[PDB]
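Colleague: Just passing along the structure, written as structure tokens.
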Amino acid sequence: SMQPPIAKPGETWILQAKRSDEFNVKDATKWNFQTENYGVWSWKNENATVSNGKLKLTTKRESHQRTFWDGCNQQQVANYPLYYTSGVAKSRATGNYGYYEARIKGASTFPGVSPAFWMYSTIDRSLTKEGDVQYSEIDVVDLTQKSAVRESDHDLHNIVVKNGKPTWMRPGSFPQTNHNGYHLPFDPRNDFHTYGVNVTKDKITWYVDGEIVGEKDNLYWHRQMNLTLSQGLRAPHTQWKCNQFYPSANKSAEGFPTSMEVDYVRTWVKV
């Protein structure tokens, strides 16, 4: 009975239980709620809560320190001070092709946080031949990370070997293959909406409330990817340089704590 909303007559689709949840319980076997760290925040299991059939992922102003990758100077920096903690749910299981959907309400605070629903692989830096893909990332949606609250991004990221060197492709640098921008017909903080992507060997197609908002050829997105829900920090609390976030001098507590809410995530594969 649960076929995805895009199913056509004649198709059978099978729910991927290891990448789906209705969020009646907090299931730490299925989800990694405290992953490896990146950006300018740290994950805490305590920032992921389940109540009343919804997942809540919360960002907090909380001074702490940890080891931090400083890509500008190509060094890990020990005891690096950071100012915010946040929440993640990363599937322990992986896959690639399928239809993915989540029903999500954004965080009330804007600007400063970005609810996201996305999937990513390990980075394999040992694959060095021309055309080798070392990293695949599909962003189903990044909410509230642009200057206007109704602008959404539905992007792709990858590392691929070009002219013998491993090269990042990002939406900003390769828009024709990696960027889909959309003006939403609603404020995403005010209610739950459905955010989806259909991933096939040939094509990636994005959906918002059942309308098609993005579409690209599947050139570089075939690796095994973990499906993720998370809330990240943005301007004014970040700077972007050398392909990553760095903290800004704005460490305000105003607008925190603030939480995104997830009613469900559902993944299907067509037979």
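Naming works like this for the structure tokens: A, B, ... for the chains as they're shown, residue 1 at the start of each chain, ligands 1 onward in shown order.
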Env of residue 7 (chain A): 12 Å cut, atoms = only C-alpha atoms, seq-sep filter 4 positions within chain, self excluded. Answer as JSON, numbers by chain.
Modeller: {"A": [1, 2, 3, 11, 12, 13, 14, 98, 99, 198, 210, 268, 269, 270, 271]}
Colleague: DSSP on the backbone: what in region 22-173 of chain A comes out strand (DSSP E or B), as JSON, numbers by chain?
Modeller: {"A": [31, 32, 41, 42, 43, 48, 49, 50, 51, 54, 55, 56, 57, 58, 59, 60, 61, 62, 63, 64, 65, 66, 67, 68, 69, 70, 75, 76, 77, 78, 79, 80, 81, 82, 83, 84, 85, 86, 88, 89, 90, 91, 92, 93, 94, 95, 98, 99, 100, 101, 102, 103, 104, 105, 113, 114, 115, 116, 117, 118, 119, 120, 133, 134, 135, 136, 137, 138, 139, 140, 141, 142, 151, 152, 153, 156, 157, 158, 159, 160, 161, 162, 165, 166, 167, 168, 169]}
Colleague: Could you please take those selected residues and save C-alpha atoms as a short mmCIF file (atom, residue, chain, number, x, y, z; two decimals), in the first residue's frame?
Modeller:
data_model
loop_
_atom_site.label_atom_id
_atom_site.label_comp_id
_atom_site.auth_asym_id
_atom_site.auth_seq_id
_atom_site.Cartn_x
_atom_site.Cartn_y
_atom_site.Cartn_z
CA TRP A 31 20.03 6.33 13.00
CA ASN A 32 23.40 7.73 14.06
CA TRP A 41 29.25 23.27 15.42
CA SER A 42 29.36 19.87 17.19
CA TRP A 43 26.62 17.18 17.17
CA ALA A 48 17.73 15.07 18.70
CA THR A 49 14.38 14.39 20.48
CA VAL A 50 11.30 12.40 19.48
CA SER A 51 7.89 13.40 20.92
CA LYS A 54 7.94 14.00 15.36
CA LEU A 55 11.71 14.24 15.31
CA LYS A 56 13.04 17.58 16.58
CA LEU A 57 16.60 18.63 15.78
CA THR A 58 17.72 21.61 17.87
CA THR A 59 20.55 24.16 17.52
CA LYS A 60 21.83 25.71 20.84
CA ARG A 61 24.24 28.42 21.73
CA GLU A 62 26.79 26.36 23.80
CA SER A 63 30.45 27.30 24.12
CA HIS A 64 32.80 24.26 23.79
CA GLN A 65 35.93 23.21 22.01
CA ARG A 66 37.07 20.33 19.80
CA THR A 67 39.64 19.53 17.17
CA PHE A 68 38.83 21.59 13.98
CA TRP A 69 39.96 21.14 10.36
CA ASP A 70 41.44 24.47 9.05
CA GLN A 75 45.97 21.60 9.42
CA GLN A 76 43.92 20.13 12.25
CA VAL A 77 43.74 22.62 15.10
CA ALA A 78 43.38 21.17 18.64
CA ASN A 79 41.21 22.83 21.31
CA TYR A 80 39.46 25.12 18.79
CA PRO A 81 36.68 27.19 20.41
CA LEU A 82 33.20 26.87 18.97
CA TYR A 83 29.92 28.43 19.93
CA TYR A 84 26.93 26.28 18.81
CA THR A 85 25.81 22.68 19.10
CA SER A 86 23.21 21.01 16.87
CA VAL A 88 21.61 15.20 13.23
CA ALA A 89 20.06 11.87 12.24
CA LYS A 90 22.25 9.93 9.73
CA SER A 91 21.11 6.52 8.49
CA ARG A 92 23.57 3.77 9.34
CA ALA A 93 22.51 1.95 6.14
CA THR A 94 23.35 3.30 2.68
CA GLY A 95 22.02 3.18 -0.92
CA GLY A 98 15.28 5.37 -5.07
CA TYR A 99 12.58 7.87 -4.28
CA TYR A 100 13.19 9.79 -1.00
CA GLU A 101 10.72 12.03 0.85
CA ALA A 102 10.53 13.85 4.19
CA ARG A 103 7.84 16.04 5.75
CA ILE A 104 9.60 18.93 7.39
CA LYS A 105 8.82 22.20 9.24
CA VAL A 113 20.19 28.10 10.68
CA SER A 114 19.57 25.79 7.77
CA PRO A 115 17.41 22.64 8.06
CA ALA A 116 18.59 20.10 5.49
CA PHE A 117 17.63 16.71 4.07
CA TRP A 118 20.53 15.20 2.12
CA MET A 119 22.64 12.09 1.49
CA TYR A 120 26.46 11.63 1.24
CA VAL A 133 34.46 10.02 -8.51
CA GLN A 134 35.84 10.22 -4.95
CA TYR A 135 32.61 11.70 -3.22
CA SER A 136 28.90 11.92 -4.06
CA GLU A 137 26.35 14.18 -2.30
CA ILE A 138 22.69 14.81 -3.15
CA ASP A 139 20.95 17.62 -1.22
CA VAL A 140 17.17 17.00 -1.30
CA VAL A 141 16.61 20.52 0.23
CA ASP A 142 18.52 23.20 2.08
CA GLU A 151 14.37 30.78 -1.47
CA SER A 152 15.35 27.07 -1.42
CA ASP A 153 18.31 25.21 -2.80
CA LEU A 156 24.56 18.43 -5.94
CA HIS A 157 28.17 18.06 -4.71
CA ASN A 158 30.99 15.78 -5.78
CA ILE A 159 34.72 15.30 -6.12
CA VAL A 160 35.83 13.98 -9.53
CA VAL A 161 39.34 13.57 -11.08
CA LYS A 162 39.71 16.09 -13.98
CA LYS A 165 43.54 16.38 -10.17
CA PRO A 166 40.64 15.70 -7.74
CA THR A 167 38.26 18.55 -8.15
CA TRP A 168 35.25 19.78 -6.10
CA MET A 169 32.09 20.53 -8.09
#
Colleague: Identify which of the residues A:175, A:71, A:185, A:214 lies closest to residue 241 (chain A), counting only C-alpha atoms when measuring atom-to-atom distances.
Modeller: A:71
Colleague: Could you find all residues in region 157-226 of chain A that DSSP calls helix (DSSP H, G or I) from the backbone, and write them as a PyMOL selection string?
Modeller: chain A and resi 175-178
Colleague: Hey, can you check how far CA of residue 224 (chain A) sits from CA of residue 263 (chain A)?
Modeller: 25.0 Å
Colleague: Taking into account only C-alpha atoms, which residue in the set A:256, A:182, A:221, A:23 is nearest to residue 207 (chain A)?
Modeller: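 Answer, going by the shortest atom-to-atom distance: A:182.
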Colleague: When you count only C-alpha atoms, which of these residues is closest to residue 231 (chain A): A:20, A:194, A:258, A:173?
Modeller: A:258
